[PDB]
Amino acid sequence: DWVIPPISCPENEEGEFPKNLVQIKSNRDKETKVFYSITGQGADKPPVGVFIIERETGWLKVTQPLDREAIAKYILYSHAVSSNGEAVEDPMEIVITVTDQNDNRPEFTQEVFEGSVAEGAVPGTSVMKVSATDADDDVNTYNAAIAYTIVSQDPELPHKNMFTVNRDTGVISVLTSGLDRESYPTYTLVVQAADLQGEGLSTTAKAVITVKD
């Protein structure tokens, strides 16, 4: 069957407010003068006044930019009251969904990750995992699709690239041979996480790897 989807409104809208969303209507507006109102969170309950309805025309409007990450869905109820003061409809549920924009940058779950690896570990050996989260919409967009990279390694010995990271999982592995605890007991890697599959907003953190016997 054909059905009516929730009203959709993108977050972070700019320009002239308020903005029309949709017109609601009671077909009793034929017999009497009808006045429309809305109730619910976002209307008369917190956050108050985010949405309003024009009492005589039935035009539902949004008055401010929205934030999906604050509230992703609103449930309101419309009311219809004649000029003589009687409700001429049962209140009608109205659903509004807020659509996503890429406005949150990824964040590593810690500033410094620690791991260790045996000096004799064969190339390919998994050492540790770095992890980042992204508040944007991972279900319907790539705004939270994170790619992990290694930005730098200190020291750059015995080779510049002793390790590699899984672009999707943040698991760091031994890339080449030569780890040597006596010479270089510790490595500090700067790792990067970036959304839009690596092309978007980005953040960095450190991974400190202790070489063991």
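Start at 1 with the first residue shown and count on from there.
- Averaged over Cα atoms, the B-factor as recorded in the entry is higher for 41-49 than for the other of 178-186 and 41-49.
- For the segment pair 195-203 and 10-18, the entry gives 10-18 the higher mean B-factor, averaged over Cα atoms.
- The entry lists C-alpha B-factors for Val165, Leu157, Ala70, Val151, and the highest of these is at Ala70.
- In the PDB entry, the Cα temperature factor peaks, among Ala121, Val130, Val139, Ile94, at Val139.
- When all modelled residues of the chain are sorted by CA temperature factor, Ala147 is found within the middle third.
- Sorting the modelled residues of the chain by their CA temperature factor places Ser26 in the middle third.
- Sort the modelled residues of the chain by CA B factor and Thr32 lands in the highest third.
- Among all modelled residues in this chain, the alpha-carbon of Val98 has a temperature factor (C-alpha) in the highest third.
- Ranked by C-alpha B-factor against the other modelled residues of its chain, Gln110 falls in the highest third.
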